[PDB]
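Text of the file coords_38.csv, holding CSV, C-alpha atoms:
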chain,number,residue,atom,x,y,z
B,8,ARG,CA,0.0,0.0,0.0
B,9,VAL,CA,1.8,3.0,-1.4
B,10,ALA,CA,0.1,6.2,-2.4
B,11,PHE,CA,0.7,9.9,-1.9
B,12,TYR,CA,-0.8,13.3,-2.7
B,13,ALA,CA,0.7,16.7,-1.8
B,14,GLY,CA,0.4,20.4,-2.6
B,15,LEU,CA,3.0,23.2,-3.0
B,16,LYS,CA,2.8,25.6,0.0
B,17,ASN,CA,5.3,28.1,-1.2
B,18,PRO,CA,6.4,29.8,-4.5
B,19,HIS,CA,9.4,28.3,-6.3
B,20,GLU,CA,11.3,29.4,-9.4
B,21,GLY,CA,14.1,28.5,-11.8
B,22,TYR,CA,15.5,25.0,-12.2
B,23,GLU,CA,14.9,23.5,-8.8
B,24,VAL,CA,13.1,20.4,-7.5
B,25,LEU,CA,9.6,21.3,-6.3
B,26,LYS,CA,9.0,20.6,-2.6
B,27,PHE,CA,5.3,19.7,-2.3
B,28,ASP,CA,5.0,20.0,1.4
B,29,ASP,CA,1.2,20.4,2.0
B,30,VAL,CA,0.9,16.6,2.5
B,31,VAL,CA,-2.6,15.2,2.3
B,32,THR,CA,-1.9,11.5,1.8
B,33,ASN,CA,1.3,9.5,2.2
B,34,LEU,CA,0.6,5.8,2.6
B,35,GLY,CA,3.9,4.0,3.1
B,36,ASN,CA,5.6,7.2,3.9
B,37,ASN,CA,7.7,7.1,0.8
B,38,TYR,CA,7.2,10.7,-0.3
B,39,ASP,CA,9.4,13.2,1.5
B,40,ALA,CA,8.1,16.7,1.9
B,41,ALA,CA,11.5,18.0,2.9
B,42,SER,CA,13.0,17.1,-0.5
B,43,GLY,CA,10.0,16.8,-2.8
B,44,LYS,CA,11.1,13.3,-3.7
B,45,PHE,CA,9.3,10.0,-3.8
B,46,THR,CA,11.8,7.3,-3.0
B,47,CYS,CA,10.8,3.8,-3.9
B,48,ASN,CA,10.8,1.2,-1.1
B,49,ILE,CA,8.4,-1.3,-2.8
B,50,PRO,CA,9.7,-2.2,-6.3
B,51,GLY,CA,7.1,-2.2,-9.0
B,52,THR,CA,5.1,-0.3,-11.6
B,53,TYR,CA,3.9,3.2,-10.5
B,54,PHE,CA,1.5,5.9,-11.7
B,55,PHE,CA,2.4,9.5,-11.1
B,56,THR,CA,0.7,12.7,-12.1
B,57,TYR,CA,1.4,16.4,-11.5
B,58,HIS,CA,-0.3,19.8,-11.9
B,59,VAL,CA,2.0,22.8,-11.5
B,60,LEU,CA,0.4,26.3,-11.6
B,61,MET,CA,2.5,28.9,-13.3
B,62,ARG,CA,2.7,32.2,-11.3
B,63,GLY,CA,0.6,34.9,-13.0
B,64,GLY,CA,1.9,38.3,-13.8
B,65,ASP,CA,5.3,38.1,-15.6
B,66,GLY,CA,7.7,35.7,-17.3
B,67,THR,CA,5.3,34.3,-20.0
B,68,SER,CA,6.4,30.6,-19.7
B,69,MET,CA,7.1,27.9,-17.1
B,70,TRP,CA,8.4,24.3,-17.5
B,71,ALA,CA,7.9,21.4,-15.1
B,72,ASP,CA,9.3,17.9,-15.8
B,73,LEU,CA,8.8,14.7,-14.0
B,74,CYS,CA,12.2,13.0,-13.4
B,75,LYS,CA,13.3,9.5,-12.5
B,76,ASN,CA,16.7,9.5,-10.9
B,77,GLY,CA,17.4,12.9,-12.6
B,78,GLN,CA,16.3,11.7,-16.0
B,79,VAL,CA,13.2,13.2,-17.7
B,80,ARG,CA,10.3,10.9,-18.1
B,81,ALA,CA,7.6,13.5,-18.9
B,82,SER,CA,7.7,17.2,-19.6
B,83,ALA,CA,5.2,20.0,-19.5
B,84,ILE,CA,5.0,23.7,-20.3
B,85,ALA,CA,2.6,26.5,-19.3
B,86,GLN,CA,2.7,29.6,-21.4
B,87,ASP,CA,0.7,32.7,-21.8
B,88,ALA,CA,1.9,35.9,-23.5
B,89,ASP,CA,-0.6,38.0,-21.5
B,90,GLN,CA,0.9,36.7,-18.3
B,91,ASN,CA,-2.2,34.7,-17.3
B,92,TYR,CA,-2.2,31.7,-15.0
B,93,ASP,CA,-1.8,28.4,-16.8
B,94,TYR,CA,-0.8,24.8,-15.9
B,95,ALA,CA,2.1,22.6,-16.7
B,96,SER,CA,0.7,19.0,-16.1
B,97,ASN,CA,1.5,15.4,-17.2
B,98,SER,CA,1.1,11.8,-16.1
B,99,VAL,CA,3.3,8.7,-16.4
B,100,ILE,CA,3.6,5.0,-15.7
B,101,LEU,CA,7.1,3.9,-14.7
B,102,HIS,CA,9.0,1.0,-13.2
B,103,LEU,CA,10.8,1.8,-10.0
B,104,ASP,CA,13.6,-0.2,-8.3
B,105,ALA,CA,14.1,0.2,-4.5
B,106,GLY,CA,16.0,3.4,-4.1
B,107,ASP,CA,14.8,5.0,-7.3
B,108,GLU,CA,13.7,8.7,-6.9
B,109,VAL,CA,10.9,10.5,-8.6
B,110,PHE,CA,10.3,14.2,-8.4
B,111,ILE,CA,9.0,17.2,-10.3
B,112,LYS,CA,11.7,19.7,-11.4
B,113,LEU,CA,11.3,23.2,-12.9
B,114,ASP,CA,13.1,23.9,-16.1
B,115,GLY,CA,12.6,27.7,-16.2
B,116,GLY,CA,9.9,30.0,-14.9
B,117,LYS,CA,7.8,30.6,-11.8
B,118,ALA,CA,5.3,28.3,-10.1
B,119,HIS,CA,2.8,29.3,-7.5
B,120,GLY,CA,2.7,27.9,-4.1
B,121,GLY,CA,-0.4,28.5,-2.0
B,122,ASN,CA,-0.4,28.1,1.7
B,123,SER,CA,-3.5,25.7,1.8
B,124,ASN,CA,-5.3,25.7,-1.5
B,125,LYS,CA,-3.5,22.9,-3.2
B,126,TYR,CA,-3.4,24.6,-6.7
B,127,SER,CA,-0.1,22.9,-7.5
B,128,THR,CA,0.1,19.2,-6.9
B,129,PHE,CA,2.0,15.9,-7.1
B,130,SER,CA,0.6,12.4,-6.6
B,131,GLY,CA,1.3,8.8,-7.3
B,132,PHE,CA,0.6,5.2,-6.3
B,133,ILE,CA,1.8,1.7,-6.9
B,134,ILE,CA,-0.1,-0.2,-9.6
B,135,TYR,CA,1.9,-3.5,-9.4
B,136,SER,CA,4.6,-4.9,-7.1
B,137,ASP,CA,7.4,-6.7,-8.9
N,7,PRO,CA,-14.2,-3.7,-4.4
N,8,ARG,CA,-15.6,-2.5,-7.7
N,9,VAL,CA,-16.0,1.3,-7.2
N,10,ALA,CA,-15.3,3.6,-10.2
N,11,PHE,CA,-17.1,6.3,-12.1
N,12,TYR,CA,-16.7,8.7,-15.0
N,13,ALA,CA,-19.1,11.5,-15.9
N,14,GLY,CA,-19.3,14.5,-18.2
N,15,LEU,CA,-21.0,17.8,-17.6
N,16,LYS,CA,-24.1,18.0,-19.9
N,17,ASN,CA,-25.1,21.6,-19.2
N,18,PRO,CA,-23.3,25.0,-18.8
N,19,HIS,CA,-22.9,26.3,-15.2
N,20,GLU,CA,-21.7,29.7,-13.9
N,21,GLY,CA,-22.6,29.7,-10.3
N,22,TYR,CA,-20.9,29.1,-6.9
N,23,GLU,CA,-22.2,25.6,-6.8
N,24,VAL,CA,-21.5,21.9,-7.0
N,25,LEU,CA,-21.0,20.8,-10.6
N,26,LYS,CA,-23.5,18.2,-11.5
N,27,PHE,CA,-21.8,15.9,-14.0
N,28,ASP,CA,-24.8,14.2,-15.4
N,29,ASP,CA,-23.5,12.5,-18.6
N,30,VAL,CA,-22.6,9.3,-16.7
N,31,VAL,CA,-20.5,6.8,-18.7
N,32,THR,CA,-19.3,4.5,-15.8
N,33,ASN,CA,-20.6,4.0,-12.3
N,34,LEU,CA,-19.5,0.7,-10.8
N,35,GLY,CA,-20.8,0.6,-7.2
N,36,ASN,CA,-23.3,3.4,-8.1
N,37,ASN,CA,-21.7,5.6,-5.5
N,38,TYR,CA,-21.7,8.6,-7.9
N,39,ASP,CA,-25.1,10.5,-8.0
N,40,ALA,CA,-25.8,12.7,-11.0
N,41,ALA,CA,-28.6,14.4,-9.2
N,42,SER,CA,-26.3,15.9,-6.4
N,43,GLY,CA,-23.0,15.9,-8.3
N,44,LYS,CA,-21.5,13.9,-5.5
N,45,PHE,CA,-19.6,10.7,-5.0
N,46,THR,CA,-20.5,9.2,-1.6
N,47,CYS,CA,-18.1,6.7,-0.1
N,48,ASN,CA,-19.5,3.5,1.2
N,49,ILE,CA,-16.3,1.5,1.4
N,50,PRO,CA,-13.6,3.1,3.5
N,51,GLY,CA,-10.2,3.2,1.8
N,52,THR,CA,-7.9,5.2,-0.6
N,53,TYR,CA,-9.4,6.7,-3.7
N,54,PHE,CA,-8.1,8.5,-6.8
N,55,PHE,CA,-10.1,11.4,-8.3
N,56,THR,CA,-9.4,13.7,-11.2
N,57,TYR,CA,-11.3,16.5,-13.0
N,58,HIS,CA,-11.1,18.5,-16.1
N,59,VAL,CA,-13.4,21.5,-16.4
N,60,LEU,CA,-13.5,23.5,-19.6
N,61,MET,CA,-13.9,27.3,-19.2
N,62,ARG,CA,-16.6,28.7,-21.4
N,63,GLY,CA,-15.1,30.4,-24.5
N,64,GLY,CA,-15.8,33.9,-25.7
N,65,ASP,CA,-17.4,35.0,-22.4
N,66,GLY,CA,-15.1,35.8,-19.5
N,67,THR,CA,-11.4,35.5,-18.6
N,68,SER,CA,-11.2,33.4,-15.4
N,69,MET,CA,-12.8,30.2,-14.0
N,70,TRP,CA,-12.1,28.3,-10.8
N,71,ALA,CA,-13.0,24.6,-10.1
N,72,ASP,CA,-12.1,22.9,-6.8
N,73,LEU,CA,-12.3,19.3,-5.6
N,74,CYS,CA,-13.9,19.1,-2.2
N,75,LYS,CA,-14.1,16.3,0.5
N,76,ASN,CA,-17.3,16.8,2.3
N,77,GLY,CA,-17.3,20.6,2.0
N,78,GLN,CA,-13.6,21.1,2.3
N,79,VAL,CA,-11.1,22.1,-0.4
N,80,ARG,CA,-8.7,19.3,-1.2
N,81,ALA,CA,-7.5,20.6,-4.6
N,82,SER,CA,-7.9,23.8,-6.5
N,83,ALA,CA,-7.6,24.8,-10.2
N,84,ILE,CA,-7.9,27.9,-12.3
N,85,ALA,CA,-8.5,28.5,-16.0
N,86,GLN,CA,-7.4,32.0,-17.2
N,87,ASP,CA,-7.1,33.7,-20.6
N,88,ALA,CA,-7.2,37.4,-21.2
N,89,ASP,CA,-8.5,36.9,-24.8
N,90,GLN,CA,-11.4,34.7,-23.5
N,91,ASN,CA,-9.9,31.6,-25.1
N,92,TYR,CA,-10.9,28.2,-24.0
N,93,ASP,CA,-8.7,26.8,-21.2
N,94,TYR,CA,-9.0,24.1,-18.5
N,95,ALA,CA,-9.2,24.0,-14.7
N,96,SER,CA,-7.9,20.5,-14.0
N,97,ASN,CA,-6.4,18.6,-11.0
N,98,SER,CA,-6.0,15.2,-9.5
N,99,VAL,CA,-6.0,13.9,-5.9
N,100,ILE,CA,-5.6,10.8,-3.8
N,101,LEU,CA,-7.7,10.8,-0.6
N,102,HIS,CA,-8.5,8.5,2.2
N,103,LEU,CA,-12.3,8.3,2.6
N,104,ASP,CA,-14.6,7.0,5.4
N,105,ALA,CA,-18.1,5.7,4.9
N,106,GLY,CA,-20.5,8.6,4.3
N,107,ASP,CA,-17.8,11.0,3.0
N,108,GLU,CA,-18.6,13.0,-0.1
N,109,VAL,CA,-16.3,14.1,-2.9
N,110,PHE,CA,-17.3,16.5,-5.6
N,111,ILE,CA,-16.2,19.5,-7.7
N,112,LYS,CA,-17.4,23.0,-6.9
N,113,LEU,CA,-17.3,25.8,-9.4
N,114,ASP,CA,-15.8,28.8,-7.5
N,115,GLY,CA,-16.2,31.7,-9.9
N,116,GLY,CA,-16.5,32.0,-13.6
N,117,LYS,CA,-18.3,30.1,-16.3
N,118,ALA,CA,-17.9,26.4,-17.2
N,119,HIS,CA,-18.7,24.5,-20.3
N,120,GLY,CA,-21.2,21.6,-20.3
N,121,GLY,CA,-22.6,19.9,-23.4
N,122,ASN,CA,-24.7,17.0,-24.6
N,123,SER,CA,-22.3,14.1,-25.3
N,124,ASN,CA,-18.7,15.3,-26.2
N,125,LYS,CA,-17.5,15.2,-22.6
N,126,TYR,CA,-15.2,18.2,-22.7
N,127,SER,CA,-15.8,18.7,-18.9
N,128,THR,CA,-15.3,15.6,-16.8
N,129,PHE,CA,-15.0,14.0,-13.3
N,130,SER,CA,-13.8,10.5,-12.5
N,131,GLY,CA,-12.5,8.4,-9.6
N,132,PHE,CA,-11.8,4.9,-8.4
N,133,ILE,CA,-10.9,3.1,-5.3
N,134,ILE,CA,-7.2,2.1,-5.0
N,135,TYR,CA,-7.3,0.3,-1.6
N,136,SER,CA,-9.9,-1.1,0.9
N,137,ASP,CA,-9.3,-0.3,4.5
D,7,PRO,CA,-3.6,-9.3,-14.8
D,8,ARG,CA,-1.0,-6.8,-15.6
D,9,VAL,CA,-2.2,-4.3,-18.2
D,10,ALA,CA,-0.6,-0.8,-18.2
D,11,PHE,CA,1.0,1.5,-20.8
D,12,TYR,CA,2.6,4.9,-21.1
D,13,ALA,CA,3.9,6.4,-24.3
D,14,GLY,CA,5.0,9.7,-25.7
D,15,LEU,CA,4.7,11.3,-29.1
D,16,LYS,CA,8.1,11.4,-31.0
D,17,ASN,CA,6.9,13.1,-34.1
D,18,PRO,CA,4.8,16.1,-35.1
D,19,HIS,CA,1.3,15.5,-36.4
D,20,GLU,CA,-1.7,17.6,-37.4
D,21,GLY,CA,-5.2,17.6,-38.8
D,22,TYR,CA,-7.7,14.8,-38.3
D,23,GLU,CA,-5.9,11.5,-37.5
D,24,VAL,CA,-5.1,9.0,-34.9
D,25,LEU,CA,-2.1,10.1,-32.8
D,26,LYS,CA,0.5,7.4,-32.9
D,27,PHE,CA,2.4,7.7,-29.6
D,28,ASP,CA,5.6,5.9,-30.4
D,29,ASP,CA,8.0,6.4,-27.5
D,30,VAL,CA,6.6,3.5,-25.5
D,31,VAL,CA,7.9,3.5,-21.9
D,32,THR,CA,5.6,0.9,-20.3
D,33,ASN,CA,3.5,-1.7,-22.1
D,34,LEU,CA,2.6,-4.4,-19.7
D,35,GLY,CA,0.2,-6.8,-21.3
D,36,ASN,CA,1.5,-5.7,-24.7
D,37,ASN,CA,-1.9,-4.3,-25.6
D,38,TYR,CA,-0.8,-0.9,-26.8
D,39,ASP,CA,0.4,-0.8,-30.5
D,40,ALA,CA,2.6,2.1,-31.4
D,41,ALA,CA,2.3,1.3,-35.1
D,42,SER,CA,-1.4,2.2,-35.1
D,43,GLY,CA,-1.6,4.3,-31.9
D,44,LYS,CA,-4.3,2.0,-30.6
D,45,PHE,CA,-4.8,0.2,-27.3
D,46,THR,CA,-6.7,-3.0,-28.1
D,47,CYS,CA,-8.4,-4.8,-25.2
D,48,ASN,CA,-7.4,-8.4,-24.5
D,49,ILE,CA,-8.7,-8.7,-21.0
D,50,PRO,CA,-12.3,-7.5,-20.7
D,51,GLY,CA,-12.7,-5.1,-17.8
D,52,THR,CA,-12.6,-1.5,-16.4
D,53,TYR,CA,-9.8,0.7,-17.6
D,54,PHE,CA,-8.4,4.2,-16.8
D,55,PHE,CA,-6.9,6.3,-19.6
D,56,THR,CA,-5.4,9.7,-19.6
D,57,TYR,CA,-3.8,11.9,-22.3
D,58,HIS,CA,-1.9,15.2,-22.6
D,59,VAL,CA,-1.4,16.6,-26.1
D,60,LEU,CA,0.7,19.7,-26.5
D,61,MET,CA,-0.4,22.2,-29.2
D,62,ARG,CA,2.5,23.5,-31.3
D,63,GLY,CA,3.4,27.0,-30.4
D,64,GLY,CA,4.1,29.9,-32.7
D,65,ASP,CA,1.9,28.5,-35.5
D,66,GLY,CA,-1.9,28.3,-35.0
D,67,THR,CA,-4.4,29.2,-32.3
D,68,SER,CA,-6.5,26.0,-31.7
D,69,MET,CA,-6.1,22.3,-31.4
D,70,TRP,CA,-8.5,19.5,-30.5
D,71,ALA,CA,-7.7,16.1,-29.1
D,72,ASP,CA,-10.3,13.4,-28.3
D,73,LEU,CA,-10.2,10.0,-26.7
D,74,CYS,CA,-12.2,7.5,-28.7
D,75,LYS,CA,-13.4,3.9,-28.1
D,76,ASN,CA,-13.7,2.2,-31.4
D,77,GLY,CA,-15.2,5.0,-33.6
D,78,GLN,CA,-16.7,6.9,-30.8
D,79,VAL,CA,-15.7,10.0,-28.8
D,80,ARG,CA,-15.6,9.3,-25.1
D,81,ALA,CA,-13.7,12.4,-24.0
D,82,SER,CA,-12.8,15.6,-25.8
D,83,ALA,CA,-10.4,18.4,-25.1
D,84,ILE,CA,-9.3,21.7,-26.7
D,85,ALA,CA,-6.1,23.8,-26.5
D,86,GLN,CA,-6.6,27.4,-27.6
D,87,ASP,CA,-4.5,30.6,-27.4
D,88,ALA,CA,-4.9,33.6,-29.6
D,89,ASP,CA,-1.3,34.6,-29.3
D,90,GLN,CA,-0.2,31.1,-30.5
D,91,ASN,CA,1.1,30.1,-27.1
D,92,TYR,CA,1.8,26.4,-26.2
D,93,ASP,CA,-1.2,24.9,-24.4
D,94,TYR,CA,-2.6,21.5,-23.7
D,95,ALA,CA,-5.5,19.4,-24.7
D,96,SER,CA,-5.9,16.9,-21.9
D,97,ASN,CA,-8.6,14.7,-20.4
D,98,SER,CA,-9.2,11.4,-18.5
D,99,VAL,CA,-11.7,8.6,-18.7
D,100,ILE,CA,-12.8,5.3,-17.1
D,101,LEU,CA,-14.3,2.9,-19.5
D,102,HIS,CA,-15.5,-0.6,-19.7
D,103,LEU,CA,-13.9,-2.6,-22.6
D,104,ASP,CA,-14.8,-5.9,-24.2
D,105,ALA,CA,-12.1,-8.0,-25.8
D,106,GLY,CA,-11.2,-6.4,-29.2
D,107,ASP,CA,-12.3,-2.8,-28.3
D,108,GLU,CA,-9.9,-0.1,-29.5
D,109,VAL,CA,-9.0,3.0,-27.5
D,110,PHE,CA,-6.9,5.8,-29.0
D,111,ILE,CA,-6.4,9.5,-29.1
D,112,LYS,CA,-7.6,11.3,-32.3
D,113,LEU,CA,-6.5,14.8,-33.3
D,114,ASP,CA,-9.6,16.7,-34.4
D,115,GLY,CA,-8.1,19.7,-36.0
D,116,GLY,CA,-4.9,21.7,-35.3
D,117,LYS,CA,-1.2,21.0,-34.8
D,118,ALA,CA,0.4,18.8,-32.1
D,119,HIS,CA,3.9,18.8,-30.9
D,120,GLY,CA,6.0,15.6,-30.8
D,121,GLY,CA,9.8,15.2,-30.1
D,122,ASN,CA,12.3,12.5,-29.3
D,123,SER,CA,13.0,12.3,-25.6
D,124,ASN,CA,11.1,14.9,-23.6
D,125,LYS,CA,7.6,13.3,-23.8
D,126,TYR,CA,5.6,16.5,-23.7
D,127,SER,CA,2.7,14.8,-25.4
D,128,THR,CA,1.6,11.5,-23.8
D,129,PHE,CA,-1.0,8.7,-23.5
D,130,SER,CA,-1.3,6.2,-20.7
D,131,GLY,CA,-3.8,3.7,-19.3
D,132,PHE,CA,-4.2,0.8,-17.0
D,133,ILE,CA,-6.7,-1.9,-16.1
D,134,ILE,CA,-8.5,-1.2,-12.8
D,135,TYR,CA,-10.7,-4.3,-12.8
D,136,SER,CA,-11.1,-7.6,-14.7
D,137,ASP,CA,-14.6,-8.7,-15.7
Take the structure in this file and express it as structure tokens.
Amino acid sequence: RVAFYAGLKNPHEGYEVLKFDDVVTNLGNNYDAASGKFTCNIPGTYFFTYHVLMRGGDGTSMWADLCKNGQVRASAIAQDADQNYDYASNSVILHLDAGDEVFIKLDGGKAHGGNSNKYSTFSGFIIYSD
Amino acid sequence: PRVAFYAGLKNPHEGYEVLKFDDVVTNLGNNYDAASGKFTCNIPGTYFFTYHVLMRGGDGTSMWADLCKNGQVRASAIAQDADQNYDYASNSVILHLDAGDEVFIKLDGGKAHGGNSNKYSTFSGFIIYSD
Amino acid sequence: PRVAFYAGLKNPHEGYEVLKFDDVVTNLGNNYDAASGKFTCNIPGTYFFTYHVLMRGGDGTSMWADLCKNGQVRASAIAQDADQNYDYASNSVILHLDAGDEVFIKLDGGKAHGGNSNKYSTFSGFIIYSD
């Protein structure tokens, strides 16, 4: 039983890993709010999905990619020339070995983080155990 | 247990209200009710939910749609476009639910698209684990 | 049973056609066919599908992408931006499938992005229940 869901509490920007630290669900305790990383304990096939809200007001574009051990497994862009809010979102199904890390990383731009409203999110669960 | 649903919004809505997804495609367990717009948990456990609400085009610039558990925000989303283009308010959650708990999408400002059968605006969910 | 797939689009496409996601990451059950872009049901049951299709930026203002079961639309989505910005057509369904049923994403007008490694445009699904 492994499943998690968390929101961004704070704004982040640039090329950093997103620390989703408004934790709603964390069965198995394999997601780490301090780092923003899911670290596999139970090897198997996993679903992950993410929804990152681009900060409105300036910068035009924002990129957010889902990485496995630092390697891109899905990418997303949010873009609006009038500086409107928009979302960078995607979903994956991956294999994870014990120790494998999964996280969302910015690749330019500004994401909003809201102190309780869970606009920007990250979730995942195990589909099959190896 | 077999508990899963998928429904589209058949009519436009623009109020501060629960979105009644009434184009029901799937409803194993029949825990989703098109009349209220709500999924009511009857088997405690862990559930996945996702929603995709299309903002009405050519008529306004912002729309908000939130997923609630009982009446409480568990995810929020915004669609925004200064040129009144179509755009989506979309998000996904994983929640633990108790018997009698309700999960649903509330429109929280702005105008949403609903239509007869194309299922542009949607709501789905399924149980991952039984507790 | 194990039935689960995730694939990305390697290759630009446009118009009115089945999107053939060809960067196949996961394909347990071997029921997704990159050559046709179709998932063909082997094990009758209840299935989750989701898709995210990136509209090409800098060239066009609207793009439609629909999830179909056999001939039939079961979810629709639109990307639209008057300034030709990148934006996504994305939606999710839960469907019952009989053996032989085909599920795929169809472009319904407009231009989609595909590229080699980044997987901006994606299609995934998995069985939730066996009949």
Report task. Write out as a PyMOL selection string the residues lying within 8 Å of residue 100 of chain B, counting all atoms listed in the file and excluding same-chain residues fewer than 5 positions away. Result -> (chain B and resi 52-55) or (chain D and resi 10-12+31-32+130)
Query - Top pick for closest residue to residue 48 of chain B, considering B:95, B:79, B:25, B:34 and counting only C-alpha atoms - result: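 When distances to residue 48 of chain B are compared using only C-alpha atoms, the smallest one comes from B:34.
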Query raised in the report: Suppose you want the space between atom CA of residue 121 of chain N and atom CA of residue 24 of chain D; what is it in Å?
Result: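 A separation of 23.6 Å between them.
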Could the residues of chain B within 9 Å of chain N, counting all atoms listed in the file, be given as a short mmCIF file (atom, residue, chain, number, x, y, z; two decimals) with C-alpha atoms, in the frame of the given file, please?
data_model
loop_
_atom_site.label_atom_id
_atom_site.label_comp_id
_atom_site.auth_asym_id
_atom_site.auth_seq_id
_atom_site.Cartn_x
_atom_site.Cartn_y
_atom_site.Cartn_z
CA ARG B 8 0.00 0.00 0.00
CA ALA B 10 0.10 6.20 -2.40
CA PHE B 11 0.70 9.90 -1.90
CA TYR B 12 -0.80 13.30 -2.70
CA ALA B 13 0.70 16.70 -1.80
CA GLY B 14 0.40 20.40 -2.60
CA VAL B 31 -2.60 15.20 2.30
CA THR B 32 -1.90 11.50 1.80
CA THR B 56 0.70 12.70 -12.10
CA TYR B 57 1.40 16.40 -11.50
CA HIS B 58 -0.30 19.80 -11.90
CA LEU B 60 0.40 26.30 -11.60
CA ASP B 87 0.70 32.70 -21.80
CA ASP B 89 -0.60 38.00 -21.50
CA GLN B 90 0.90 36.70 -18.30
CA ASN B 91 -2.20 34.70 -17.30
CA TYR B 92 -2.20 31.70 -15.00
CA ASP B 93 -1.80 28.40 -16.80
CA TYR B 94 -0.80 24.80 -15.90
CA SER B 96 0.70 19.00 -16.10
CA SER B 123 -3.50 25.70 1.80
CA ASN B 124 -5.30 25.70 -1.50
CA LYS B 125 -3.50 22.90 -3.20
CA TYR B 126 -3.40 24.60 -6.70
CA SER B 127 -0.10 22.90 -7.50
CA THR B 128 0.10 19.20 -6.90
CA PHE B 129 2.00 15.90 -7.10
CA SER B 130 0.60 12.40 -6.60
CA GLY B 131 1.30 8.80 -7.30
CA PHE B 132 0.60 5.20 -6.30
CA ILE B 134 -0.10 -0.20 -9.60
#
Query raised in the report: Taking (2.9, 39.4, -16.0) in the file's coordinates as the center, which residues reach within 9 Å of it, counting all atoms listed in the file, put as a list in words?
Result: residues 62, 63, 64, 65, 66, 67, 88, 89, 90 and 91 of chain B
Report task. State, in Å with one decimal place, the distance from atom CA of residue 42 of chain D to atom CA of residue 105 of chain D. Result ->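 Taking atom CA of residue 42 of chain D as the start and atom CA of residue 105 of chain D as the end point, the length is 17.5 Å.
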Query raised in the report: Between N:16, N:75, N:119, N:58, which is the closest to chain D once you count all atoms listed in the file?
Result: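 Of N:16, N:75, N:119, N:58, the one nearest chain D, counting all atoms listed in the file, is N:58.
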Report task. Using only C-alpha atoms, find the residues of chain N whose closest atom to chain D is at most 6 Å away, then write them as a ChimeraX atom specification. Result -> /N:12,91-92,124-126
Requested in this report: Could you give me, as JSON, numbers by chain, the residues that sit within 9 Å of (-0.1, 7.6, -29.1) in the file's coordinates, counting all atoms listed in the file?
Outcome: {"D": [12, 13, 14, 15, 24, 25, 26, 27, 28, 29, 30, 38, 39, 40, 42, 43, 44, 45, 57, 110, 111, 112, 127, 128, 129, 130]}
